[PDB]
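Working notes for the structure below.
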Amino acid sequence: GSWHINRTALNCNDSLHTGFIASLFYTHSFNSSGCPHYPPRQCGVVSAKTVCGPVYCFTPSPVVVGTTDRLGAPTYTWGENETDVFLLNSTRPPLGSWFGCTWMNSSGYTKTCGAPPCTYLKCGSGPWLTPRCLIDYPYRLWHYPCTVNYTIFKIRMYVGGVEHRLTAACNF
Amino acid sequence: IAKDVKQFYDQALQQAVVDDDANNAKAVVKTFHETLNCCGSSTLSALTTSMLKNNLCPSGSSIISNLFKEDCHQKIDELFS
Amino acid sequence: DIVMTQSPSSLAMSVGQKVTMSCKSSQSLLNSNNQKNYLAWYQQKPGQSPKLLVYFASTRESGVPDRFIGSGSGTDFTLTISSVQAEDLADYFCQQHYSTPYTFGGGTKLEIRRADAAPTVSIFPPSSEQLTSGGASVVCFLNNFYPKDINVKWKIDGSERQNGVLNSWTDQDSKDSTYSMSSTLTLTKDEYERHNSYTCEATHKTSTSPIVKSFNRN
Amino acid sequence: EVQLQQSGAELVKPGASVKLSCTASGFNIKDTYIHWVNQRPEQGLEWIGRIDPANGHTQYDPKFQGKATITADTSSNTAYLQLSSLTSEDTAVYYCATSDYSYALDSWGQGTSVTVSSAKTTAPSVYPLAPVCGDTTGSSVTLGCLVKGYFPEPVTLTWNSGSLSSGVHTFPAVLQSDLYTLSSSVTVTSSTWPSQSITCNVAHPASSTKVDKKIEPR
Ligand SMILES: *[C@@H]1O[C@H](CO)[C@@H](O[C@@H]2O[C@H](CO)[C@@H](O[C@@H]3O[C@H](CO)[C@@H](O)[C@H](O)[C@@H]3O)[C@H](O)[C@H]2NC(C)=O)[C@H](O)[C@H]1NC(C)=O
Ligand SMILES: *[C@@H]1O[C@H](CO)[C@@H](O)[C@H](O)[C@H]1NC(C)=O
Ligand SMILES: *[C@@H]1O[C@H](CO)[C@@H](O)[C@H](O)[C@H]1NC(C)=O
């Protein structure tokens, strides 16, 4: 296995019926609450209890990150309560690990992570290659519902002698 | 007749949703799931978390991979297609 | 299908020269929307997998040295090397990545010109293992010569022998740009010991007199 | 480029089928188009087909429809080319390549040699070749290794477990009566061959043959 997850999500609150559970089996009942984005903040530490769903972080390619110090999930074992978070403390891949992460909190909205601005390796922070394009990942429509009509295509990039293959959606 | 079976499925689901799972009868819901290869419905999708939390929802690979299940109401409607 | 024609087929340039090879497609590969020519060049070194050099007719692939230039447009394209090195010896293909099916070119085999060299000839009698096995193979190696055009003759007791000869040429060397040739004359033990004085003669462009290598029973 | 690993060379009986593999490393095949291209002996590259592993949509060449079948497994990050009812015209090297939106084959594989023949798998015969007795030495000694009578390709020939690299000329195999014959030459200095032993290592994995023959004078 690689870039996969067992169970380090959940922790969602129902709150209002805004369709936040739309992407759980999203074959139907998918839609955007209101579309007519802003730059993200620095990458530090995460809080597990409020985050709902997998947190997708963007190096050259999409990668899932499990809770720091590792978590469990099998049943029938004596113990009490789950509260373990993950880390995203990262600088840009050439000098560090990845650009920035993106997730959806407990009420149904999206929270983005990012790095301080200074071609994509120089000043890029989030999954957004350009304002009109973004890196396609299985839960893109969930974190960015306004980008449903974006057209997808396959590209390739370099980040220090390693070729990364990507699917990207753009406005046209 | 299609809407009659839809209401029947909604009622059987309401029997399944009395709690997180059907208590001591969650295996019945799991039997329905494995027969339909589904896990929950769009109506009560906020409730479709507990079957995964107690592993009642059928998972062929609960060690890794990232995805979503399939709607049971959708599979029921496809059964009459 | 788009019919790609490369010119020329064979090409021999000395080290450091600027070499050009043209590729012409039966259909213009220009897409009027993006104003880009959908043509790629591939380098296949002897006994290796093809490597993408320049795609989109002009866009050079990351990692390829800047001495490779892909120019041209519409229906006519040209791959050029400003200064060819000894390692640029390969077969160069052009492929249209415009419409299905994606057709490749015929191929331009690029040779390298060096100073004319004489073949180093070494004769090898049948091994003892083969002599005990039943056959007898007289081997003749002609190493490090140029050009590739060479002639080999086998002589038994002063009479020419042609049937029963296997030949194998190496591809041009990536270091000294020379050629090598192996000639194996296979016979039976009876006819091998029935005669004496086996000679391997080499006719080449460098020497008007053939280079001979002979051996006798002992 | 990106790492792609193909299956070993396959000998298929005329009329049978064979499934070749192409495993990706370091990335996900869902982000690239996987192309298959065949190259026949002394022939140009010919595009077989392509597949999109994200949706399973395939696209073949009019000449390969019905015989070639491309599939892709995303859980194992692998592509598969199935060839049904092969003939002598299908004997070729099959390469798997990756492409982006431009359909330009940027990264290739090592290639899989598929030989379609009815000849039986035959173990090779490795004979050492030492110079002829009475030969005037001159600080340059040439040794030979003759691997005769085997089928099918390939064979791996090294000198001293590959530690003897320079001065080696390994000649390509030639087909006789459904049996391959190969020769190799190693030209060192006449001062180190009798002192330091030189051995010819031949590997034929089709018949699980591993022969290490030490050259000896006389
Ligand atoms: C999950 O996401 C939702 C929506 O993104 C969060 O709701 C919003 O939370 C912020 C907290 O900074 C609220 O801003 C606050 O506004 C008041 C009034 O202007 C101000 O006095 C505070 O200092 C703060 O800036 C924002 O109003 C609120 N949106 C609403 C209520 O519609 C939520 O907090 C996130 N976390 C959860 C649910 O745990
Ligand atoms: C990384 O973690 C340290 C705590 O050891 C914290 O002070 C720092 O702010 C973190 N990095 C960033 C970019 O916030
Ligand atoms: C795409 O760009 C056009 C620019 O004219 C804009 O009007 C449109 O809203 C954009 N669509 C999306 C989904 O961003």
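Some points to look at:
- Between C:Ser133 and C:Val15, the C-beta separation translates, for a Förster distance of 51 Å, into a calculated FRET efficiency of about 0.65.
- Only the Cβ atoms of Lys and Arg (+1) and of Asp and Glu (-1) were treated as charged; on that basis the dipole of chain C about its Cα centre amounts to roughly 280 debye.
- Label-to-label distance for B:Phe80 and A:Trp78 is 5.1 nm, based on points extended 7 Å past Cα in the beta-carbon direction.
- Straight-distance crosslink candidates among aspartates and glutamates, where the alpha carbon sits under 13 Å from D:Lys13 and sequence neighbours closer than 8 are dropped: D:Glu89, D:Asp90
- With a Förster radius of 30 Å applied to the beta-carbon distance between A:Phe172 and A:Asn89, the computed FRET efficiency rounds to 0.25.
- Cβ-based exposure ranking for D:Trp47, A:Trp98, in which fewest neighbours within 10 Å come first: A:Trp98, D:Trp47
- Whole-Å distance, taken between Cα centres, linking segment D:108-161 and segment C:80-140: 17
- Segment A:5-25 residues near the modelled B:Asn55 label - backbone nitrogen below 19 Å, point 7 Å along Cα→Cβ: A:5-11
- The value given for chain D is a Kirkwood hydrodynamic radius of 19.8 Å, derived from the mean inverse Cα-Cα separation.
- Near C:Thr78, the amide H atoms lying under 5 Å from its own belong to C:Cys23, C:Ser71, C:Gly72; only residues 5 or more places off or on other chains count, and H is placed 1.01 Å from N.
- By the count of neighbouring beta-carbon atoms within 10 Å, fewest first, C:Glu191, C:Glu111 end up ordered C:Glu191, C:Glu111.
- Paramagnetic reach from D:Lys214 (point 7 Å along Cα→Cβ, amide N under 13 Å) across segment D:182-208: D:194-200
- Taking Cα centre as origin and charging only the Cβ of basic (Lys, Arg, +1) and acidic (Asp, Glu, -1) residues, the dipole magnitude of chain D rounds to 640 debye.
- Label separation (A:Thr50 vs C:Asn196): 10.3 nm, computed from points 7 Å beyond Cα along the C-beta direction.
- Segment A:73-172: C-alpha pair distances exceeding 20 Å, %: 51
- Cα gyration tensor shape for segment A:1-44, rounded if a/c is under 1.5, else prolate or oblate: oblate
- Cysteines without a disulfide-compatible partner [chain D; Cβ-Cβ under 4.7 Å]: D:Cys133
- With only the Cα atoms considered, segment C:120-215 has a convex hull volume of 100 Å³ per residue.
- Ranking B:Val17, B:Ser62, B:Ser42 by how far each Cα lies toward the positive end of the dipole of chain B (charges on Cβ) leaves B:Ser62 at the top.
- Count, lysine Cα pairs under 23 Å in chain B, 8 or more residues apart or across chains: 13
- Residue-normalised convex hull volume from the C-alpha trace of chain C: 160 Å³ per residue.
- The local environment of A:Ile155, defined by Cβ-Cβ distances under 12 Å, has a net charge of -2 under the rule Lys, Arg +1 and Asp, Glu -1.
- Distant-in-sequence amide H partners of D:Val188 (H built 1.01 Å from N, under 5 Å): D:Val141, D:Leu143
- One decimal place: the segment D:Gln176-D:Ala203 gains 7.7 nm when fully extended, by the rule 0.36 nm per residue minus the C-alpha distance.
- Between the amide H of D:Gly111 and those of D:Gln6, D:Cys96, distances stay under 5 Å, these residues lying 5 or more places away or on another chain, with hydrogens modeled in the peptide plane.
- Inter-chain Cβ neighbour count for D:139-148, averaged per residue, equals 4 (cutoff 10 Å, partner chain atoms only).
- Order of D:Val186, A:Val45 under a 10 Å beta carbon neighbour criterion, fewest first: A:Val45, D:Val186
- Exposed loop positions in chain C were taken to be trypsin sites (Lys or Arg not before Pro) whose DSSP state is not H, G, I, E or B and which have at most 14 other beta-carbon atoms within 10 angstrom. Between these positions, the longest stretch is C:68-174.
- When each of C:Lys36/C:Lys109; C:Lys153/C:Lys189; D:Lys120/D:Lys148; C:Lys24/C:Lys109 is checked by Cα-Cα distance, pairs over 18 Å: C:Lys36/C:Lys109; C:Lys153/C:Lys189
- A helix-only calculation puts the protein assembly as shown at -2000 deg cm²/dmol for mean residue ellipticity at 222 nm, using -39500 (n - 2.57) for each DSSP H run of at least four residues, averaged over all residues.
- Temperature 20 °C, viscosity 1.002 mPa s: under these conditions the Stokes-Einstein estimate for the protein assembly as shown, based on its Kirkwood radius over C-alpha pairs, is 70 µm² per second.
- Simple spin-label estimate for D:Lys63 and D:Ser85 in nanometres, 7 Å along Cα-Cβ: 1.9
- For segment C:34-45, 3J(HN,Hα) per residue [Karplus equation, 6.51 cos²θ - 1.76 cosθ + 1.60, θ = phi - 60°, Hz, x = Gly/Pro]: 9, 6, 10, 8, 8, 9, 10, 10, 10, 10, 10, 6
- Backbone phi angles across segment A:63-75, fed through the Karplus curve with coefficients 6.51, -1.76 and 1.60 (θ = phi - 60°), yield HN-Hα couplings of 8, 8, 10, x, 4, 4, 6, 6, 10, x, 7, x, 9 Hz in residue order; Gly and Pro are listed as x.
- Over chain A, all Cα pairs binned in 5 Å intervals from 0 give whole-percent P(r) values of 1, 8, 16, 20, 20, 17, 10, 5, 2, 1, 0, listed from short to long.
- ³J(HN,Hα), Karplus 6.51/-1.76/1.60, whole Hz, each residue of segment A:90-105, x for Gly, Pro: 8, 9, 4, x, x, 9, x, 10, 8, 6, x, 9, 8, 8, 10, 6
- Springs between Cα atoms under 10 Å define the GNM used for chain C, and in it the highest mean-square fluctuation of C:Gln95, C:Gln17, C:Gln35 occurs at C:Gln35.
- Candidates D:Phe171, D:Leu157, D:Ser207 compared by Cα position along the dipole of chain D: farthest toward the positive end lies D:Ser207, with charges placed on Cβ.
Values in this text are rule-based calculations from the coordinates and carry no lab data. A quick note on method: Cβ atoms are made from the backbone with ideal geometry, for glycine too, and the neighbour counts reach across all protein chains shown.
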